[PDB]
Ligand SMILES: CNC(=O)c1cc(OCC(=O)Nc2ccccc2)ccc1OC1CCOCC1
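Taking the form solved without the ligand, here's one chain by itself in structure tokens.
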């Protein structure tokens, strides 16, 4: 099934649907939770709050992320922040690329990238 409403309140269920569709991708595995202190190279020094697909969703549970620039910056924050402290590894920058591209395709279902 796909989500594609056209209202403010209905957007909560669509932005979250895009979350379930983005986290379900084969590249959201590095964004399905909050980084760590011993596993993360150093997100506490360059990426304080990247808002992966788990924290941004926790806020989207109500209305924290539902205003075009709010849902976009949140996801773009996951991809951007993740790539920022991630050199040309191999699947890290790729997945964020992929998933990000998958998000945009899902955004148009909500109408957030629209003008």
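Residue numbers count along the first chain shown, from 1.
Just so you know, the form solved in complex with the ligand exists too; it's not on screen, but the next bit is about it.
- Residue contact check for residue 71: none of its heavy atoms lie within 4.5 Å of the ligand in the entry with it bound.
- The ligand is not drawn, but in the entry with it bound it has no heavy atom within 4.5 Å of residue 65.
- Remark: residue 92 counts among the residues lining the ligand in the entry with it bound, judged by a heavy atom distance of 4.5 Å or less.
- Put simply, residue 39 is close to the ligand in the entry with it bound: some heavy atom of it is within 4.5 Å.
- Residues 29, 30, 31, 35, 39, 40, 41 of 26 to 41 are found to place at least one heavy atom within 4.5 Å of the ligand in the entry with it bound.
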